[PDB]
Number of protein chains: 2
Amino acid sequence: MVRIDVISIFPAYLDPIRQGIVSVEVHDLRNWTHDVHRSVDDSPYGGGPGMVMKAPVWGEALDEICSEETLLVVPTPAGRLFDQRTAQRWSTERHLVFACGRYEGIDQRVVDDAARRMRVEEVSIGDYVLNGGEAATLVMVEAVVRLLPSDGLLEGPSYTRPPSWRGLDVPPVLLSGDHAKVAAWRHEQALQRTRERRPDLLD
Amino acid sequence: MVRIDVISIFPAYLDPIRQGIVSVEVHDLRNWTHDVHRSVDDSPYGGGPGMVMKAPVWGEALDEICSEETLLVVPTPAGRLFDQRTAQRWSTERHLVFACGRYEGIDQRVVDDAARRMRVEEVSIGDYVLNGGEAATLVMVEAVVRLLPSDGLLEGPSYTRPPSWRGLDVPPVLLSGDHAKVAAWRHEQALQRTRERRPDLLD
């Protein structure tokens, strides 16, 4: 079984996660503050365009939630790219914890301190800016949980009934179901589409 | 104002979207079926590992929701990569529609038919497999809506109080707040981190 914990200051963002192989629980980071403010952020050393999430609050939260077996994931645009190989690899773990940052991110010593007792990976789901880690966590959790109990080319187009719709016909090779003919046409289609859309996959 | 419509067979997945500049509305694709089954899929022409979403159901739904000004977005792993430039570009539109596919995707003639009357973009948020477009839509909507009323390097680490926590000290240059010194150290840090984590950003 995989146990998954998510720590966020916007726990309600993680409601779709719910939509004995996996266990999920969402935690409000403010539960580990000790002031009337329930403050989780403070000014950046050296100056900066926003606020940085406090290390003591996070340290206390990870002290409680994590053990030596935990794989701590930190969603951040400064991280390594998430991909299908990572999702598969994470699917073999027994405890995943997602630390969702807000504002300009989390004090770096959080990750350094945590790395003393567990494994930590800083990852980005893509080259775009979000308000925080929550949406990225939803994507990575979905990608992992679905793996629980021309491959380098894009998928080509798929078709179903009817054979003709609004003037557009299904390619006849697909209707004349010779397996060799279909596969050849599909590899041609996958090739052209990869060239058109993701030439980097060929370099 | 940007009007955003999302069409899905799992509309409840889009609840966090709610968390006069933007308008959001989620639609259940099954509302445009006309059979007791409320069937949205059928067998793939030429054979395939799963089912393909029907073109008539989708055509009817997009007939109702889209107009000539609509930018139709189709989340799919066969699409162009979503990035920050796309998010900015989409933020200038007046009507975004997200067509969330399930199973092996949507009959390709849906996109071809739609492209007769509107602009259509097939996009992927990253190189990983999800169960459907819904989670990707949450990511792209967040990325766009937040834009409404060493740049090639990763962000380096950020620090806030205290100056020493659990044996780990904030780099002294950040405490000795010379703006020139801070910036130089930060560009060095951003450089090394990009090299370590995303060498492709340098190629």
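Residues numbered from 1 in each chain as written, not as in the entry; some residues may be left out. Chains lettered and ligands numbered in written order. Heavy atoms only, no water. Residues with missing side-chain atoms left out of burial classes, pairs and counts.

As recorded in the entry header, the structure was determined using X-ray crystallography to a resolution of 2.00 Å.

Caption draft 1: Here's a closer look at the side chain of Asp 41 of chain B. Residue and element names in this part refer to chain B. Looking at where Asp 41 falls in the secondary structure, it is placed in strand β3 (residues 41–42). Within the buried core, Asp 41 has no salt-bridge partner, and the shortest N-O distance to an opposite charge, that of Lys 54, equals 6.7 Å. Once residues lying within four places of it in the same chain are set aside, the contact partners of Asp 41 are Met 51, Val 52, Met 53, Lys 54 and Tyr 103. (Helix = DSSP H or I, 4+ residues; strand = E, 2+ residues; numbered from the N terminus. Buried < 20%, exposed > 50% of the residue type's maximum accessible area, 1.4 Å probe, protein only. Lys, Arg positive; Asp, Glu negative; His and termini not counted. Salt bridge = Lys/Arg side-chain N within 4 Å of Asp/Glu carboxyl O. Contact = heavy atoms within 4.5 Å.)

Caption draft 2: Up close: the UniProt feature "binding site: S-adenosyl-L-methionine" (unreviewed entry) in chain A. As recorded in UniProt, the sites labelled "binding site: S-adenosyl-L-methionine" (unreviewed entry) are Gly 101, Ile 125, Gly 126, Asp 127, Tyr 128, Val 129 and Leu 130 of chain A. By the element assignment, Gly 126 of chain A lies in the loop between β7 (119–124) and α4 (134–145). Given a relative accessible area of 8%, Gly 126 of chain A falls into the buried group. Apart from residues lying up to four places away in sequence, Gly 126 of chain A is in contact with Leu 81 of chain A together with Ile 125 of chain B. Residue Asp 127 of chain A is classed as partly exposed on the basis of its relative accessible area of 37%. Once residues within four sequence positions are removed from consideration, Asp 127 of chain A is found in contact with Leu 81 of chain A together with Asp 83, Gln 84, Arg 198 and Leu 201 of chain B. (UniProt positions renumbered as here; feature names shortened; annotations may be inferred.)

Caption draft 3: Here's a closer look at the interface of chain A and chain B. With 76 residues of chain A in contact, the opposing surface of chain B contributes 76 residues. Grouping the constituent residues of the side of chain A that touches chain B by class yields 34 nonpolar, 14 polar and 28 charged. (Nonpolar A, V, L, I, M, F, W, Y, C, P; charged D, E, K, R; others polar.)

Caption draft 4: Summary view of the nonpolar core. The biggest cluster of nonpolar side chains holds 52 residues, and the ones touching the most others in it are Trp 90 and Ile 125 of chain A together with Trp 90 and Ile 125 of chain B. Look past the residues within four positions of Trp 90 of chain B in its chain and what remains in contact with it is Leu 71, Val 73, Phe 82, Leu 96, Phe 98, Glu 121, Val 123, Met 140 and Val 144 of chain B. (Core = buried A, V, L, I, M, F, W, Y, C linked by side-chain atoms within 4.5 Å.)

Caption draft 5: Molecular detail of a nonpolar patch on the surface. On the surface, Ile 21, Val 22 and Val 24 of chain A cluster together into a nonpolar patch covering about 200 Å² of accessible area. Within the fold, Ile 21 of chain A resides in the loop between β1 (2–8) and β2 (22–28). (Patch = residues over 30% accessible without salt bridge, like charges linked within 9 Å, V, L, I, M, F, W, Y side chains within 5 Å. Areas by Shrake-Rupley, 256 points an atom, 1.4 Å probe, with all protein chains shown as cover.)

Caption draft 6: The arrangement of unusual backbone geometry in detail. Put simply, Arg 161 of chain A and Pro 162 of chain A share a cis peptide bond, and its omega is 0°. Positive phi values are uncommon outside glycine, yet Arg 166 of chain B reaches one of about 55°. Checked against the element boundaries, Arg 166 of chain B lands in the loop between β8 (164–165) and β9 (168–169). By relative accessible area, which is 34% here, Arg 166 of chain B ends up partly exposed. With phi around 60°, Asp 203 of chain B is a residue other than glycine that occupies positive phi space.

Caption draft 7: Geometry of the sheet that holds β2 of chain A. Residues and elements named next belong to chain A. The strand order across the open sheet built from five strands is β2-β1-β6-β5-β7, with neighbouring strands paired in parallel fashion. Edge positions in the sheet fall to β2 and β7, since each of these pairs with one other strand and no more. Mean inter-strand twist for the sheet, computed between neighbouring axes without regard to direction, equals 25°. Where strand β5 (residues 71–81) and strand β6 (residues 95–99) come together, three bridges link them in parallel fashion. Looking across to β6, one finds that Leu 72 is bridged to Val 97. Contacts between helix α2 (residues 84–91) and the sheet are confined to β1, β5, β6 and β7, with β7 contributing the most and set at about 150° to the helix. (Pairing = 2+ DSSP bridges. Axes fitted to C-alpha atoms, helices over the stretch in contact; angles between N-to-C directions.)

Caption draft 8: Representation of the relation of the copies chain A and chain B in the model. Mapping chain A onto chain B calls for a rotation angle of 180° and an axial translation of 0.0 Å; the resulting RMSD is 0.0 Å. Here the symmetry operator amounts to a two-fold rotation axis. When each C-alpha of chain A is compared by its distance to the rotation axis, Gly 126 of chain A comes out closest, at 2.9 Å. Counting the interface residues of chain A, we find that 100% of their copies in chain B are interface residues as well, pointing to one common contact surface. (Least-squares fit on C-alpha atoms.)

Caption draft 9: Examining the packing of aromatic side chains more closely. Enumeration over the complete set of coordinates arrives at six aromatic pairs over all chains. Relative to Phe 98 of chain A, the ring of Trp 90 of chain A lies with its centre 6.2 Å away and its plane at 75°, an arrangement referred to as edge-to-face. Both residues of the pair, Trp 90 of chain A and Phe 98 of chain A, count as buried. Between the aromatic rings of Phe 82 of chain B and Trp 90 of chain B, the centroid separation amounts to 5.3 Å while the plane-to-plane angle is 45°, which identifies the pairing as tilted. You can call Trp 90 of chain B buried: its relative accessible area is 0%. Through successive ring pairs, a cluster of aromatic residues spans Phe 82, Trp 90 and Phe 98 of chain A together with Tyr 128 of chain B. (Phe/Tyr/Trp six-rings, centres within 6.5 Å; stacked < 30°, edge-to-face > 60°.)

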